[PDB]
Amino acid sequence: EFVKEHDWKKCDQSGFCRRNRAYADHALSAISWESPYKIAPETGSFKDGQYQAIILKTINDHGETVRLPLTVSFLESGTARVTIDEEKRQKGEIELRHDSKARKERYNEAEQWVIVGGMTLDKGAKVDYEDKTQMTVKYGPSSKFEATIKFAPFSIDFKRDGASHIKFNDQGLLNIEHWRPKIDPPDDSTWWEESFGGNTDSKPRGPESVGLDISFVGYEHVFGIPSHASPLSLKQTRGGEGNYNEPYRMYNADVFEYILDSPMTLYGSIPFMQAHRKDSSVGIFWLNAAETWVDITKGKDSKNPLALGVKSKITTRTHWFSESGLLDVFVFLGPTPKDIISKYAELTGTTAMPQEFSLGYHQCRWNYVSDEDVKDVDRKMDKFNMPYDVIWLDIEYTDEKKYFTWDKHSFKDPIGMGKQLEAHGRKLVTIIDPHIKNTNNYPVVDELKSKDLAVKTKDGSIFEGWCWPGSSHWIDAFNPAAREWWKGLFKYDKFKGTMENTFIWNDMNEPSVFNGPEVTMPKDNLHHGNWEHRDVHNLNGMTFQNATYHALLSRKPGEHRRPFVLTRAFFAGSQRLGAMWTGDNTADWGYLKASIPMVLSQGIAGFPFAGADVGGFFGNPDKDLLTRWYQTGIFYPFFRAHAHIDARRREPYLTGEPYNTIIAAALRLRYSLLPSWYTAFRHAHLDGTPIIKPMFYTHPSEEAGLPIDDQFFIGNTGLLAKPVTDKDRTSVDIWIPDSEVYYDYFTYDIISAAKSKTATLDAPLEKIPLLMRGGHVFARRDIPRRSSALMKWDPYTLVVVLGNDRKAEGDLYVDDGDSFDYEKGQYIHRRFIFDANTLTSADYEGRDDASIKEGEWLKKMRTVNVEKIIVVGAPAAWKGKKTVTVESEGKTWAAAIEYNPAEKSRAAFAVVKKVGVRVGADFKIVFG
Ligand SMILES: OC[C@H]1NC[C@H](O)[C@@H](O)[C@@H]1O
């Protein structure tokens, strides 16, 4: 690898970060500090759910002002939006330095990239009160939400249920760096050119950062702003025991050997933060694509947060600042975590419906070295009864790092390789990165250049820099023409050697530039639209994944199907485009433990299709670590093993016994649960529901769960997992969230009942700690197969998990896994309800059976049954009854049931075999 010893800006080395931190330091120590920003009330108007006014910023002691247009929107969802722009820049009345052609306006296209819905203004929103000092707007459901806008100094307080929850500018940290010329006196050391990492940023606009304090009143825990190697409940950043000293950073970057427990940026950024306490949740989304830092402190509400004489109630103070663009913030008032995330997903998108196969196990390393290597691994997995769906090719498959080629010495017959995988319904994934080799006899680069599709430098020249191919240029995927060109390259008849089972991995899309500052592009590079790279950096990865997503919709005439694209770099909205992973982690126990809070943070930030490299990327995991890593990785929504080029081969059949058997058992569990995993992805698609769910989300009334980040619920199943992530551990302490009954998934032992507590569970190497909560039904497929495709027509088992209510609910969603026919109703979605000794299956959306004409997939599913029902926590009244009564599609019959009484701590349970009811039809089964 090119960079041996990396240089990352600390906050003091980022000019605008230094300035905003210093602004805070001044404001928070000034006596009677007043923010020098005022609404000019006579400029204000409220109409049809929107307030518009001019904020005047006082810029010097002579009282000179600049005009900053304010827009506050009250949306039908109950979300509010606050936007501040700069009028002189809107009017183009500034002069860029260096004869730069960069845009004069503040970047205002983040919305175009990110926002897909939820923007309808609430015409029911109304001014409840105003005078010459303030105005209050009521909005939200039944007018329950209020925003009080104070004019002088400017502030906004967002209220519900008789209190303030979120305050803007309470601490007076609002900072919009207005345009100024470079003039000498008649601290500006960071205003103009800045050098770092072997590069000087020409900085043609000068200072232009935007920042604000956002206070979460009475909240002690905040969450989100992935991606960081950090706890789910974010740390403070201004010092203290256990805390950081630097703000959280979002500046998508290629961070070689990234460390644990750090606010340093990683590869992707979602500037979305929630605050949660018992029975109250709120949140903000900072819609800004530039380099962004977030400071976090917690204490009392007093100016000295450690003062005596004041109420103890904690407020979390957050200080957001971005290098350029608009101040543009959405405010969510909940009141539950589910509400907040659903509203966020309405704005930025829900999870795309995945390729079904992509929930399977993915086998990868850097590299499989030939087509024969690939075919041998495929055979070996089958010899060792280790199911898997996809094999991956990293960068060594290419001809000298030219994308859209194959190394013909080593990959002689890629179609034959593709066809072998197809015999088990398996897939191939091939890497394609955004750097295009600058060399002769390569039509891809010729077209990139002649069509003007490459990112440019500060002066309009084509950008050149180094990555895997050596000297390279970069696709500018902000350009719609570049995205349309890119589509053409993926057609099966153009990208030779690919076929219908070939999908794509996008990497190095931060962009990673080996000889660039912080391994990325200069900030004064120019993109399509004449935006500076500084304006759009955090969107770059997403634009590239977008290009590839749309290339995979159709690669031959008549084809229309779901993409699968893995990305490294990402932004808000990337959930619409495919999966991510957490990049170059390390083969050590601390990274295994860290993976779970990271993957959880992804899902609560609205991008749940996430995972970490199983085994760790860098290094050689011990056999026990690798084994535990499989047991955790089967709970990542995106489940792939991967290894760095210097790591030994560690395909799972190489581990040896007893590890092989334990790893195979983990794989078999993932596969058996695939019906429930796919259903969980369906809910993520319907309304942004996370796929794996932290305690704050499932149990908003249970304060003790707030920071817990090492256990989680799966989908809609009530399954509670706590993988072992510590070396040589042979037990685990699980926090039981509530008073329901919890059962061991494998033995049906009663682990807890009647009261929230910590329960200690045996957990040797061969144990996956997995509990079933009472009140839930979930589906699985018990028959083991070699791949998910080979399970498509197999019968289902339903597990009905009862607590003392003897009542439960769950669901199952199935479709063809590939097309967009789901949009026209071609799917099965069952709601299963157990109540009063009866299990029923109904269509989840209450559709009439002959409101939909059955396509080919639905017709084939007529042969697919629910065949087995297990009831855990079976009532004693059922003892000695040998049948249940089954009714379906007009027919009634008896099915045999076996009742097993409680024994020691093992629950009573009953099993119905050979139920024989088609999964697509209503049924009613009466027990007892
Ligand atoms: O392609 C080489 C290398 N690039 C960086 C990626 O994070 C890693 O997964 C990959 O193996």
Side-chain angles (χ1 to χ4, degrees), residues 1-4 6 227 229 252-259 264-268 362-369 373-374 390-407 410-411 428-437 466-470 472 474 503-514 516 518-520 540-541 544-545 548 565-570 574 578-587 591 594-595 598-599 602 610-621 629 633 636 638-651:
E1 268 120 307
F2 187 94
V3 182
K4 283 292 197 295
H6 288 63
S227 173
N252 296 350
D254 185 351
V255 184
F256 181 72
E257 294 183 340
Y258 70 79
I259 67 168
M264 290 169 67
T265 191
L266 299 174
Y267 311 92
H362 298 264
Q363 183 59 65
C364 190
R365 72 164 289 111
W366 181 8
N367 229 89
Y368 300 112
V369 302
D373 189 9
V374 170
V390 192
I391 190 149
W392 287 53
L393 290 176
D394 213 327
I395 51 177
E396 309 308 322
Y397 86 91
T398 58
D399 182 9
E400 291 277 86
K401 306 307 179 294
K402 291 181 286 186
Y403 300 108
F404 304 101
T405 74
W406 296 83
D407 182 328
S410 282
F411 291 84
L428 179 68
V429 164
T430 52
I431 198 168
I432 299 286
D433 295 348
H435 50 257
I436 303 305
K437 189 177 187 167
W466 282 54
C467 199
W468 300 120
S472 300
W474 272 259
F503 290 88
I504 305 297
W505 171 17
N506 285 164
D507 182 32
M508 314 294 282
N509 56 332
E510 294 70 28
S512 178
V513 185
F514 288 172
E518 302 184 293
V519 207
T520 194
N540 184 88
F544 185 66
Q545 191 186 24
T548 305
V565 189
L566 178 71
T567 195
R568 199 170 70 170
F570 57 85
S574 285
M580 60 78 79
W581 89 113
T582 60
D584 296 343
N585 61 352
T586 291
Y591 286 79
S595 71
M598 293 178 77
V599 174
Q602 290 292 140
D613 289 342
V614 173
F617 179 73
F618 289 119
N620 301 304
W629 219 316
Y636 297 156
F638 179 67
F639 171 39
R640 177 181 79 149
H642 184 35
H644 169 87
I645 189 152
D646 294 332
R648 300 187 275 244
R649 303 289 285 232
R650 54 173 138 110
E651 288 64 47

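Counting starts at 1 for both ligands and their atoms, in listed order. When a residue number appears, it is its place in the shown sequence, counting from 1. Every heavy atom of this structure was used, including side-chain atoms; hydrogens, water molecules and symmetry mates were not.
- Residue contacts with ligand 1, taken as heavy atom pairs separated by less than 4.0 Å, involve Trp581 solely via side-chain atoms from C-beta onward.
- The aromatic rings of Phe617 and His644 sit perpendicular, their planes meeting at an angle over 60°, well past the 30° parallel limit.
- Close approach of ligand 1 to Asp394 is summarised as follows: ligand atoms under 4.0 Å from at least one heavy atom of the residue are 1 (O), 2 (C), 10 (C), 11 (O).
- Residue contacts with ligand 1: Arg640 is placed with no nitrogen or oxygen under 3.5 Å of a nitrogen or oxygen of the ligand (distance criterion only).
- Cation-pi geometry between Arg365 and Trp392 is not met at under 6.0 angstrom from the ring centre and within 45 degrees of the axis.
- Protein heavy atom at the shortest distance from atom 3 (C) of ligand 1 is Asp507 OD2, 3.8 Å.
- Between the side chains of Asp254 and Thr520, no donor-acceptor pair of N or O atoms lies under 3.5 Å.
- Proximity of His642 to ligand 1, defined as any heavy-atom pair under 4.0 Å, is confined to the side chain (atoms from C-beta onward).
- On a distance-only criterion, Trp468 and ligand 1 share no N/O pair closer than 3.5 Å.
- At least one heavy atom of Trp505 sits closer than 4.0 Å to an atom of ligand 1.
- Side chain to side chain, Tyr368 and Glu396 fail the donor-acceptor criterion of an N or O pair below 3.5 Å.
- A cation-pi contact, defined as under 6.0 Å to the ring centre and within 45° of the axis, is absent between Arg568 and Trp505.
- For ligand 1, the polar-atom distance check finds an N/O of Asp584 within less than 3.5 Å of one of the ligand's N/O atoms.
- Under a 4.0 Å heavy-atom criterion, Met508 is in contact with ligand 1.
- Side-chain contact of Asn506 with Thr548: a donor-acceptor pair under 3.5 Å is present, judged by distance alone.
- At least one heavy atom of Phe617 lies less than 4.0 angstrom from ligand 1.
- Counting only distance, with no hydrogens or angles, the side chain of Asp613 and the backbone of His642 share no donor-acceptor pair below 3.5 Å.
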